[PDB]
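Colleague: Sharing a structure here in C-alpha cells format.
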Amino acid sequence: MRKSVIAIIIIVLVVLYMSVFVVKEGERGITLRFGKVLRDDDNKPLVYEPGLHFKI
Amino acid sequence: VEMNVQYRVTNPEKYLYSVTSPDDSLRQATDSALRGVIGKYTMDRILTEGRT
C-alpha cells in the first residue's frame with residue numbers, strides 16, 4: 001500500500017499548479033474554453049479581477 | 001528652448017501598473033506642455049519675461 005498512495009500524491013500536485021492562475025493588479029485575464037469564452041448573466045463575458053481562479 | 005524637470009515617484013502600485021514606460025510617457029507630455037505653453041507667448045516675451 002506504498003506505491004499506490006505515493007503515486008496519487010505526486011500527480012495531484014502538478015495538476016493543481018497548472019489549474020491555478022492568478023490575475024495581476026494591472027492586468028485582467030479572461031478565461032477561455034477550447035474556442036469560446038466563459039459566460040454568465042445572460043451571455044455576458046466575464047473578466048477576472050486581480051484574484052485567484054481555477055481552470056481545468 | 002531647453003527645460004529640466006526634476007521629479008520623484010510614489011507607491012509602485014500606480015507607477016508600475018498605470019502606463020507602460022512611465023518615464024518616456026511623461027517626457028512626451030512634457031514636450032506637448034512646453035510647446036503648447038511656448039505657442040501662446042511671443043518670442044520677445046519668452047526670452048526675458050516668459051522665463052518665470
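Residue numbering restarts at 1 in every chain; chains get A, B, ... in the order shown in the C-alpha cells, and ligands count up from 1 in that same order.
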Should the cut-off be 10 Å, what would the residue list for chain A against chain B look like, counting only C-alpha atoms, as a list in words?

Modeller: residues 24, 25, 26 and 27 of chain A

Colleague: Within 10 Å of residue 18 (chain A), counting only C-alpha atoms, which residues qualify if same-chain residues fewer than 6 places away don't, as a ChimeraX atom specification?

Modeller: /A:54-56

Colleague: Would you output that residue set with N, CA and C atoms, as an mmCIF file, in the first residue's frame?

Modeller:
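So the final result, stored in part29.cif, reads:
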data_model
loop_
_atom_site.group_PDB
_atom_site.id
_atom_site.type_symbol
_atom_site.label_atom_id
_atom_site.label_comp_id
_atom_site.auth_asym_id
_atom_site.auth_seq_id
_atom_site.Cartn_x
_atom_site.Cartn_y
_atom_site.Cartn_z
ATOM 1 N N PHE A 54 -9.496 29.164 -10.859
ATOM 2 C CA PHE A 54 -9.173 27.785 -11.215
ATOM 3 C C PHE A 54 -9.674 27.431 -12.612
ATOM 4 N N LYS A 55 -8.807 26.767 -13.383
ATOM 5 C CA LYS A 55 -9.088 26.315 -14.742
ATOM 6 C C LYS A 55 -8.730 24.840 -14.869
ATOM 7 N N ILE A 56 -9.602 24.059 -15.502
ATOM 8 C CA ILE A 56 -9.309 22.645 -15.742
ATOM 9 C C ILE A 56 -8.024 22.620 -16.573
#

Colleague: I want to know what sits within 9 Å of region 29-31 of chain A, based on only C-alpha atoms, with residues of the same chain fewer than 2 positions away left out; could you give that as a VMD selection string?

Modeller: chain A and resid 22 to 24 27 33 37 to 38 45 to 50 55

Colleague: Using the selection just defined, write its residues with C-alpha atoms as a compact mmCIF listing (two decimals), in the first residue's frame.

Modeller:
# COMPACT_ATOMS: atom_id res chain seq x y z
CA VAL A 22 -3.96 34.46 -10.78
CA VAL A 23 -4.63 37.86 -12.36
CA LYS A 24 -2.10 40.65 -11.89
CA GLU A 27 -3.84 43.17 -15.94
CA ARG A 33 -12.77 27.40 -23.35
CA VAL A 37 -15.20 32.15 -23.56
CA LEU A 38 -16.98 31.57 -20.25
CA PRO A 45 -18.47 37.51 -20.97
CA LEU A 46 -16.82 37.51 -17.55
CA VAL A 47 -13.50 39.27 -16.91
CA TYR A 48 -11.49 38.38 -13.80
CA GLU A 49 -10.46 40.81 -11.08
CA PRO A 50 -6.97 40.53 -9.50
CA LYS A 55 -9.09 26.31 -14.74

Colleague: Quick one: pick out all helix (DSSP H, G or I) residues within chain A from a backbone DSSP run and write them as a list in words.

Modeller: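 For chain A, the helix (DSSP H, G or I) set is residues 3, 4, 5, 6, 7, 8, 9, 10, 11, 12, 13, 14, 15, 16, 17, 18 and 19 of chain A.
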
Colleague: Would you mind reading off the distance between CA of residue 3 (chain B) and CA of residue 32 (chain B), one decimal, in Å?

Modeller: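 Answer for the CA of residue 3 (chain B) to CA of residue 32 (chain B) separation: 12.6 Å.
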